[PDB]
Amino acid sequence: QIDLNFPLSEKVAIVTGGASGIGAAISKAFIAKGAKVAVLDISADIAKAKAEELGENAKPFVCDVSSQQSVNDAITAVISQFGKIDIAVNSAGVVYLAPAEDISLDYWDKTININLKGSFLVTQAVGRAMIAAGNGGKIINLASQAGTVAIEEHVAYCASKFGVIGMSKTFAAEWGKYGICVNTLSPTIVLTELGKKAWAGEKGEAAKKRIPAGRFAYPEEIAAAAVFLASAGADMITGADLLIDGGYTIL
């Protein structure tokens, strides 16, 4: 029987980048749905503050997603604390923009190492855990509208996000046999505290003109999609890229 309230009661979720922005909203949503949440972030202080805020079912873990050791140690620590991992969300991304003829190798490598390699390392470590446990699982990787369309100044970002989608689809293909659904979530511009700042004024008004919905997405809306994809209502959804873009990419 599929419970159409989409409960997550007693499931254990990892959320990378979980202490701010989209990741904070996902952590909060998962807590509200009865899950245990491992809040993973590169800053121990930021993770500590977020997990304390979210209450007794949220615990902090330091994790540099670009580091295989840091990732493996975090996964081990989450298992030691909670017993198992049912859900993992990868929402540690970075954005480094410049015209394509100018963009530095540093901007390129940081983008690829964090957005693409980081998603690889976290997905592989969590998936190994899930395979060993034998109870299936859910992996949700944040991609972007930029995993579907080109955007000016986003050569590295688009490369990383298109890559995340191909990568995630391959994990989905190979891990169906283990009951692990692997999907991507692809937002348009999101009104995180940062995004509010970066898309204020006429710049934001101009961007909204091209979105059929006529506004940007809230982090809470991205988290609602994560809740659905993490649930028992989505067991036949795998390899999917769910766009939350207000129509941006369809024109």
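Residue positions are given as counts along the sequence shown, with the first one as 1.
- Averaged over Cα atoms, the B-factor as recorded in the entry is higher for 123 to 131 than for the other of 157 to 165 and 123 to 131.
- As recorded in the PDB entry, 73 to 81 is the stretch of 73 to 81 and 168 to 176 with the greater mean C-alpha temperature factor.
- Residue 16: CA B factor lies in the lowest third for its chain, per the PDB record.
- Sorting the modelled residues of the chain by their CA temperature factor places residue 9 in the highest third.
- In the PDB entry, residue 251 places in the middle third of its chain by CA B-factor.
- Annotation for residue 103: C-alpha temperature factor in the middle third relative to the rest of the modelled chain, per the entry.
- When the CA B factors of the chain's modelled residues are split into thirds, the value for residue 187 lands in the lowest one.
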